[PDB]
Amino acid sequence: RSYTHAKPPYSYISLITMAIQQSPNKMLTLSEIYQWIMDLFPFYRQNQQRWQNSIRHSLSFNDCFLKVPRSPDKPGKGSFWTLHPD
DNA sequence: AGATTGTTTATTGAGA
DNA sequence: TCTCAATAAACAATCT
Ligand SMILES: [K+]
């Protein structure tokens, strides 16, 4: 049987920012961001289709998130995302 | 191909 | 009314 959780009081900027700040390298992949968010806020275990679309939109749309490429000799899926140094 | 990641554009909704 | 946040969606790049 399923259970209603209430949306926590954070914008996607805030959610992403917190995820990154917490990370030991100060950077996370997109899927790591998803993980951190879901692990912590069970509200986000539903409707993953739309809220993840929002996250992706946020990373690209907002200048405060910076794409870090993976090393040539350490390849993988997607880039890391860190905070713009502003 | 098939899915994930990323970008971009347009709309919509909420709150001041 | 107007800005900004969130949503929806089209389409490309890049992984599996
Ligand atoms: K960006």
Side-chain angles (χ1 to χ4, degrees):
Chain A
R1 164 271 154 78
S2 187
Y3 302 104
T4 305
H5 293 75
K7 201 182 204 211
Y10 301 110
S11 67
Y12 292 127
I13 295 79
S14 297
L15 277 175
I16 294 157
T17 303
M18 282 187 302
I20 286 164
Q21 277 172 334
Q22 159 273 176
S23 75
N25 300 315
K26 301 286 134 173
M27 60 177 189
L28 292 176
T29 65
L30 177 63
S31 85
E32 280 169 355
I33 286 166
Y34 297 163
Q35 264 318 127
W36 182 88
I37 292 179
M38 284 167 178
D39 286 6
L40 183 53
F41 300 109
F43 169 73
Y44 285 116
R45 289 163 197 177
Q46 271 72 246
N47 302 123
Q48 298 167 44
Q49 202 210 49
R50 74 159 181 269
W51 73 257
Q52 296 177 352
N53 195 351
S54 293
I55 292 299
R56 290 196 297 285
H57 170 70
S58 191
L59 294 163
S60 295
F61 189 67
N62 301 114
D63 303 51
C64 68
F65 306 120
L66 177 58
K67 224 197 297 136
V68 191
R70 311 184 99 115
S71 276
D73 59 354
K74 319 186 88 151
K77 183 187 59 144
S79 304
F80 302 94
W81 286 96
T82 188
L83 299 181
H84 178 287
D86 67 41

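What's counted below: heavy atoms across the whole structure, side chains too, no hydrogens, waters or symmetry copies. We name chains A, B, ... by the order of the sequence lines, and we start the count at 1 in each one.
- With B:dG6, B:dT9, B:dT4 as the candidates, the nucleotide lying closest to the side chain of A:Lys77 is B:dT4.
- Screening A:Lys7, A:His5, A:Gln52 for a side-chain contact (heavy atoms from CB on, under 4.5 Å) with A:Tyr44, the sole residue that qualifies is A:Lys7.
- Remark: side-chain polar atoms of A:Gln46 are not paired, donor with acceptor, to backbone N or O of A:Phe43 under 3.5 angstrom.
- The aromatic rings of A:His57 and A:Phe61 lie parallel to each other, with less than 30° between the two planes, well short of the 60° mark.
- Atom CZ of A:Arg56 and atom P of C:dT7 are 12 Å apart (whole Å).
- The interatomic distance linking A:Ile16 (CD1) with C:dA5 (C1') rounds to 12 Å, in whole Å.
- Within residues 19-54 of chain A, the residues that have a heavy atom under 4.0 Å from DNA chain B are, in order of number, A:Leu30, A:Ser31, A:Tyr34.
- Taking atom OH of residue A:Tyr12 and atom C1' of nucleotide B:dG13, one finds them 14 Å apart after rounding to whole Å.
- Side-chain to base pairing of A:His57 with B:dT7: no donor and acceptor N or O lie closer than 3.5 Å to each other.
- For A:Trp51 and A:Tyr12, the ring centers sit 6.0 Å or farther from each other.
- Of the side-chain N and O atoms in A:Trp81, none sit less than 4.0 angstrom from OP1 or OP2 of B:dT5.
- What separates CZ of A:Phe80 from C1' of B:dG6 is a distance of 16 Å, to the nearest Å.
- Between the side chain of A:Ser23 and the main chain of A:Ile20, a donor-acceptor pair closer than 3.5 Å is present.
- Per the geometry, CD1 belonging to A:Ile55 stands 18 Å off P belonging to B:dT8, to the nearest Å.
- Nucleotide C:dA13 holds its P atom 19 Å from the CG atom of A:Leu59, rounded to whole Å.
- Here C:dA5 presents its P atom at 12 Å from CG of A:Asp63, a figure rounded to the nearest Å.
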Tabulate below the donor-acceptor pairs under 3.5 Å that side-chain atoms of residues 79-86 of chain A make, not counting sequence neighbours, or state none.
unit_1: A:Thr82; atom_1: OG1; unit_2: A:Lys26; atom_2: O; d: 2.8
unit_1: A:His84; atom_1: ND1; unit_2: A:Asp86; atom_2: N; d: 2.8

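- Along DNA chain C, the nucleotide nearest A:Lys7 and the nucleotide nearest A:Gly76 are compared for position; the residue whose nucleotide lies closer to the 5' end is A:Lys7.
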Original post:
After noting the C-alpha distance and the side-chain angles of A:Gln48 and A:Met38, does the key distance pass the side chain to side chain contact (heavy atoms under 4.5 Å, CB included) rule?
Top reply: CA-CA 9 Å; A:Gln48 298 167 44; A:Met38 284 167 178; 3.1 Å; yes
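- Going from atom CD1 of A:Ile13 over to atom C1' of C:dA6 covers 9 Å, rounded to whole Å.
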